[PDB]
file input.pdb (PDB, C-alpha atoms)
MODEL        1
ATOM      1  CA  UNK A   2      94.387 117.889  94.622
ATOM      2  CA  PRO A   3      91.306 117.017  96.710
ATOM      3  CA  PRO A   4      91.304 116.976 100.471
ATOM      4  CA  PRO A   5      92.236 113.902 102.410
ATOM      5  CA  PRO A   6      89.507 111.665 103.482
TER       6      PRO A   6
ATOM      7  CA  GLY B   1     108.765  90.905  85.611
ATOM      8  CA  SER B   2     110.734  89.547  88.517
ATOM      9  CA  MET B   3     113.429  89.367  85.841
ATOM     10  CA  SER B   4     113.031  93.025  84.870
ATOM     11  CA  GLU B   5     111.813  94.905  87.977
ATOM     12  CA  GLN B   6     113.252  95.477  91.449
ATOM     13  CA  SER B   7     111.323  96.800  94.412
ATOM     14  CA  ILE B   8     112.789 100.022  95.802
ATOM     15  CA  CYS B   9     110.409 100.291  98.755
ATOM     16  CA  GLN B  10     107.448  98.714 100.459
ATOM     17  CA  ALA B  11     105.058 100.667 102.657
ATOM     18  CA  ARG B  12     101.812  99.920 104.477
ATOM     19  CA  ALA B  13      98.908 102.023 103.213
ATOM     20  CA  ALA B  14      95.204 102.011 102.489
ATOM     21  CA  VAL B  15      95.032 102.825  98.778
ATOM     22  CA  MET B  16      92.209 105.170  97.767
ATOM     23  CA  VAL B  17      90.959 106.601  94.499
ATOM     24  CA  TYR B  18      88.959 109.807  94.178
ATOM     25  CA  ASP B  19      85.401 109.504  92.858
ATOM     26  CA  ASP B  20      85.102 112.970  91.362
ATOM     27  CA  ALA B  21      81.549 112.320  90.163
ATOM     28  CA  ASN B  22      80.545 111.803  93.816
ATOM     29  CA  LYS B  23      83.282 114.047  95.332
ATOM     30  CA  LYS B  24      84.632 111.421  97.742
ATOM     31  CA  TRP B  25      87.482 108.956  98.196
ATOM     32  CA  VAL B  26      86.713 105.269  97.714
ATOM     33  CA  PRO B  27      88.901 102.242  98.503
ATOM     34  CA  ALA B  28      90.927 101.098  95.516
ATOM     35  CA  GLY B  29      89.709  97.730  94.242
ATOM     36  CA  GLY B  30      86.444  98.247  96.139
ATOM     37  CA  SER B  31      87.563  96.748  99.461
ATOM     38  CA  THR B  32      88.622  98.753 102.496
ATOM     39  CA  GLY B  33      91.830  97.669 104.190
ATOM     40  CA  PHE B  34      95.580  98.048 104.125
ATOM     41  CA  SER B  35      97.852  97.004 101.278
ATOM     42  CA  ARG B  36     101.586  96.495 100.841
ATOM     43  CA  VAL B  37     102.522  99.165  98.299
ATOM     44  CA  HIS B  38     105.743  98.904  96.309
ATOM     45  CA  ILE B  39     107.507 101.131  93.869
ATOM     46  CA  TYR B  40     109.038  98.875  91.222
ATOM     47  CA  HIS B  41     111.981 100.018  89.115
ATOM     48  CA  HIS B  42     112.294  98.524  85.640
ATOM     49  CA  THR B  43     116.057  98.847  85.408
ATOM     50  CA  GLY B  44     116.269  98.223  81.661
ATOM     51  CA  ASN B  45     113.943 101.089  80.714
ATOM     52  CA  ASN B  46     114.534 103.230  83.817
ATOM     53  CA  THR B  47     110.788 103.294  84.402
ATOM     54  CA  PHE B  48     108.857 103.042  87.656
ATOM     55  CA  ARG B  49     105.384 101.961  88.717
ATOM     56  CA  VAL B  50     103.367 101.774  91.942
ATOM     57  CA  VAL B  51     101.910  98.318  92.674
ATOM     58  CA  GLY B  52      99.834  97.530  95.760
ATOM     59  CA  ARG B  53      98.270  94.331  97.060
ATOM     60  CA  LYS B  54      95.812  93.830  99.924
ATOM     61  CA  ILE B  55      97.528  92.222 102.913
ATOM     62  CA  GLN B  56      94.609  89.816 103.452
ATOM     63  CA  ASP B  57      93.587  88.406 100.049
ATOM     64  CA  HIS B  58      96.490  89.814  97.954
ATOM     65  CA  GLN B  59      94.204  91.577  95.457
ATOM     66  CA  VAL B  60      96.075  94.044  93.263
ATOM     67  CA  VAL B  61      94.442  97.398  94.026
ATOM     68  CA  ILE B  62      96.904  99.779  92.340
ATOM     69  CA  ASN B  63      99.201  99.370  89.355
ATOM     70  CA  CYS B  64     100.045 102.767  87.884
ATOM     71  CA  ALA B  65     103.014 104.189  86.034
ATOM     72  CA  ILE B  66     104.957 107.072  87.557
ATOM     73  CA  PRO B  67     105.408 109.594  84.708
ATOM     74  CA  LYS B  68     108.334 111.967  84.509
ATOM     75  CA  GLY B  69     107.385 115.317  86.018
ATOM     76  CA  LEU B  70     104.710 113.951  88.367
ATOM     77  CA  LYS B  71     103.603 116.294  91.147
ATOM     78  CA  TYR B  72     103.543 114.194  94.332
ATOM     79  CA  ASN B  73     101.470 115.915  97.023
ATOM     80  CA  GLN B  74     102.270 115.289 100.691
ATOM     81  CA  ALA B  75      98.977 116.678 101.958
ATOM     82  CA  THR B  76      99.704 115.477 105.497
ATOM     83  CA  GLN B  77     102.395 113.396 107.168
ATOM     84  CA  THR B  78     100.346 110.207 106.639
ATOM     85  CA  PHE B  79      98.254 110.935 103.504
ATOM     86  CA  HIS B  80      99.909 111.519 100.124
ATOM     87  CA  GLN B  81      98.320 111.805  96.702
ATOM     88  CA  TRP B  82      99.005 112.235  93.006
ATOM     89  CA  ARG B  83      97.006 112.241  89.789
ATOM     90  CA  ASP B  84      97.233 110.980  86.240
ATOM     91  CA  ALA B  85      95.169 111.789  83.168
ATOM     92  CA  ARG B  86      92.552 109.308  84.460
ATOM     93  CA  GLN B  87      92.532 109.037  88.247
ATOM     94  CA  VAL B  88      93.579 110.672  91.493
ATOM     95  CA  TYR B  89      95.302 108.233  93.839
ATOM     96  CA  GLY B  90      95.715 108.559  97.582
ATOM     97  CA  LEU B  91      97.761 106.598 100.095
ATOM     98  CA  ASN B  92      96.636 106.669 103.735
ATOM     99  CA  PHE B  93      99.764 105.297 105.349
ATOM    100  CA  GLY B  94      99.791 103.119 108.437
ATOM    101  CA  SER B  95     102.447 105.304 110.045
ATOM    102  CA  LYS B  96     104.684 108.286 109.382
ATOM    103  CA  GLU B  97     107.573 105.844 108.964
ATOM    104  CA  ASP B  98     105.695 104.141 106.116
ATOM    105  CA  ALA B  99     104.926 107.552 104.595
ATOM    106  CA  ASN B 100     108.586 108.626 104.796
ATOM    107  CA  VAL B 101     109.743 105.354 103.217
ATOM    108  CA  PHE B 102     107.334 105.683 100.290
ATOM    109  CA  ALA B 103     107.868 109.416  99.785
ATOM    110  CA  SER B 104     111.654 108.963  99.878
ATOM    111  CA  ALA B 105     111.415 106.304  97.158
ATOM    112  CA  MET B 106     108.912 108.282  95.066
ATOM    113  CA  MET B 107     111.140 111.360  95.212
ATOM    114  CA  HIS B 108     114.170 109.280  94.208
ATOM    115  CA  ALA B 109     112.243 107.879  91.240
ATOM    116  CA  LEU B 110     111.191 111.382  90.196
ATOM    117  CA  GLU B 111     114.797 112.603  90.392
ATOM    118  CA  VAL B 112     115.976 109.581  88.372
ATOM    119  CA  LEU B 113     113.298 109.794  85.649
TER     120      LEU B 113
ENDMDL
END
call {"tool": "encode", "arguments": {"input": "input.pdb", "output": "structure tokens"}}
result
Amino acid sequence: XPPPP
Amino acid sequence: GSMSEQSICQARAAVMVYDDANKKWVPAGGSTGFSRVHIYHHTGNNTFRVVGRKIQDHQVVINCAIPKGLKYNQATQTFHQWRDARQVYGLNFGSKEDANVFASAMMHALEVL
């Protein structure tokens, strides 16, 4: 899961 | 549709999708702003989907099935995310109350599926 913006 | 589906929650969130080619989040539907995001329960099939519409112009920016076994990631108290075989979706909620409402409904759906 990519990091929050 | 209204005949077959009931809303189980509504939450305020900016709906994002991950542009993996460019390694950055982009607004779903191409237009930054907050949407009203529902989880809809199709009671006949016991299926669920996430549907979101911009508050301003009502554009549908998300309409994605919730598959059984989904891993729902609560990265922070106001940003949650999940993925499918195609896309990674993110919800940047307007408040922790909105996040709790949506997460509570998502977790119920995932228990019920």
call {"tool": "resolve_selection", "arguments": {"input": "input.pdb", "expression": "the PyMOL selection byres ((chain B and resi 109) around 9)", "output": "ChimeraX atom specification"}}
result
/B:39,41,47-48,66,68,104-108,110-113
call {"tool": "resolve_selection", "arguments": {"input": "input.pdb", "expression": "the PyMOL selection byres ((chain B and resi 77-89) around 12)", "output": "short mmCIF file (atom, residue, chain, number, x, y, z; two decimals) with C-alpha atoms, keeping the file's coordinate frame"}}
result
data_model
loop_
_atom_site.label_atom_id
_atom_site.label_comp_id
_atom_site.auth_asym_id
_atom_site.auth_seq_id
_atom_site.Cartn_x
_atom_site.Cartn_y
_atom_site.Cartn_z
CA UNK A 2 94.39 117.89 94.62
CA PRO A 3 91.31 117.02 96.71
CA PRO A 4 91.30 116.98 100.47
CA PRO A 5 92.24 113.90 102.41
CA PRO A 6 89.51 111.66 103.48
CA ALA B 11 105.06 100.67 102.66
CA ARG B 12 101.81 99.92 104.48
CA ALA B 13 98.91 102.02 103.21
CA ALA B 14 95.20 102.01 102.49
CA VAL B 15 95.03 102.82 98.78
CA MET B 16 92.21 105.17 97.77
CA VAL B 17 90.96 106.60 94.50
CA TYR B 18 88.96 109.81 94.18
CA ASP B 19 85.40 109.50 92.86
CA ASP B 20 85.10 112.97 91.36
CA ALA B 21 81.55 112.32 90.16
CA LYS B 23 83.28 114.05 95.33
CA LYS B 24 84.63 111.42 97.74
CA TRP B 25 87.48 108.96 98.20
CA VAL B 26 86.71 105.27 97.71
CA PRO B 27 88.90 102.24 98.50
CA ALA B 28 90.93 101.10 95.52
CA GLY B 29 89.71 97.73 94.24
CA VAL B 50 103.37 101.77 91.94
CA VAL B 51 101.91 98.32 92.67
CA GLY B 52 99.83 97.53 95.76
CA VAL B 61 94.44 97.40 94.03
CA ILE B 62 96.90 99.78 92.34
CA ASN B 63 99.20 99.37 89.36
CA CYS B 64 100.04 102.77 87.88
CA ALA B 65 103.01 104.19 86.03
CA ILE B 66 104.96 107.07 87.56
CA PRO B 67 105.41 109.59 84.71
CA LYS B 68 108.33 111.97 84.51
CA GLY B 69 107.38 115.32 86.02
CA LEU B 70 104.71 113.95 88.37
CA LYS B 71 103.60 116.29 91.15
CA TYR B 72 103.54 114.19 94.33
CA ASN B 73 101.47 115.92 97.02
CA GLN B 74 102.27 115.29 100.69
CA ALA B 75 98.98 116.68 101.96
CA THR B 76 99.70 115.48 105.50
CA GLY B 90 95.72 108.56 97.58
CA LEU B 91 97.76 106.60 100.10
CA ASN B 92 96.64 106.67 103.74
CA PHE B 93 99.76 105.30 105.35
CA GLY B 94 99.79 103.12 108.44
CA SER B 95 102.45 105.30 110.04
CA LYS B 96 104.68 108.29 109.38
CA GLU B 97 107.57 105.84 108.96
CA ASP B 98 105.70 104.14 106.12
CA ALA B 99 104.93 107.55 104.60
CA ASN B 100 108.59 108.63 104.80
CA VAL B 101 109.74 105.35 103.22
CA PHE B 102 107.33 105.68 100.29
CA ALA B 103 107.87 109.42 99.78
CA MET B 106 108.91 108.28 95.07
#
call {"tool": "atom_distance", "arguments": {"input": "input.pdb", "atom1": "atom CA of residue B:58", "atom2": "atom CA of residue B:36"}}
result
8.9 Å
call {"tool": "resolve_selection", "arguments": {"input": "input.pdb", "expression": "the PyMOL selection byres ((chain B and resi 55) around 9)", "output": "compact mmCIF listing (two decimals) with C-alpha atoms, in the coordinates of the input"}}
result
# COMPACT_ATOMS: atom_id res chain seq x y z
CA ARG B 12 101.81 99.92 104.48
CA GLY B 33 91.83 97.67 104.19
CA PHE B 34 95.58 98.05 104.12
CA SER B 35 97.85 97.00 101.28
CA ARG B 36 101.59 96.50 100.84
CA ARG B 53 98.27 94.33 97.06
CA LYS B 54 95.81 93.83 99.92
CA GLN B 56 94.61 89.82 103.45
CA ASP B 57 93.59 88.41 100.05
CA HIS B 58 96.49 89.81 97.95
CA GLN B 59 94.20 91.58 95.46
call {"tool": "atom_distance", "arguments": {"input": "input.pdb", "atom1": "atom CA of residue B:3", "atom2": "atom CA of residue B:46"}}
result
14.1 Å
call {"tool": "atom_distance", "arguments": {"input": "input.pdb", "atom1": "atom CA of residue B:1", "atom2": "atom CA of residue B:42"}}
result
8.4 Å
call {"tool": "axis_aligned_box", "arguments": {"input": "input.pdb", "around": "stretch 64-76 of chain B", "padding_each_side": "4 Å", "output": "lines of an AutoDock Vina configuration file"}}
result
center_x = 103.7
center_y = 109.7
center_z = 95.0
size_x = 17.4
size_y = 21.9
size_z = 29.0
call {"tool": "decode", "arguments": {"input": "input.pdb", "residues": "chain A", "atoms": "N, CA, C and O atoms", "output": "PDB file, in the first residue's frame"}}
result
ATOM      1  N   UNK A   2       0.851  -1.201   0.000  1.00  0.00           N
ATOM      2  CA  UNK A   2       0.000   0.000   0.000  1.00  0.00           C
ATOM      3  C   UNK A   2       0.884   1.248   0.000  1.00  0.00           C
ATOM      4  O   UNK A   2       1.705   1.422   0.892  1.00  0.00           O
ATOM      5  N   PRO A   3       0.685   2.159  -0.965  1.00  0.00           N
ATOM      6  CA  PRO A   3       1.544   3.356  -0.985  1.00  0.00           C
ATOM      7  C   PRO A   3       1.179   4.281  -0.007  1.00  0.00           C
ATOM      8  O   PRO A   3       0.043   4.292   0.457  1.00  0.00           O
ATOM      9  N   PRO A   4       2.137   5.145   0.381  1.00  0.00           N
ATOM     10  CA  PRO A   4       1.966   6.220   1.416  1.00  0.00           C
ATOM     11  C   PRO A   4       0.970   7.158   1.124  1.00  0.00           C
ATOM     12  O   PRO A   4       0.836   7.547  -0.036  1.00  0.00           O
ATOM     13  N   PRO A   5       0.284   7.690   2.148  1.00  0.00           N
ATOM     14  CA  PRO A   5      -0.738   8.767   1.941  1.00  0.00           C
ATOM     15  C   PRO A   5      -0.217   9.867   1.265  1.00  0.00           C
ATOM     16  O   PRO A   5       0.981  10.137   1.354  1.00  0.00           O
ATOM     17  N   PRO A   6      -1.076  10.655   0.614  1.00  0.00           N
ATOM     18  CA  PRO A   6      -0.580  11.862  -0.059  1.00  0.00           C
ATOM     19  C   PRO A   6      -0.322  12.836   0.916  1.00  0.00           C
ATOM     20  O   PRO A   6      -0.754  12.627   2.071  1.00  0.00           O
TER      21      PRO A   6
END
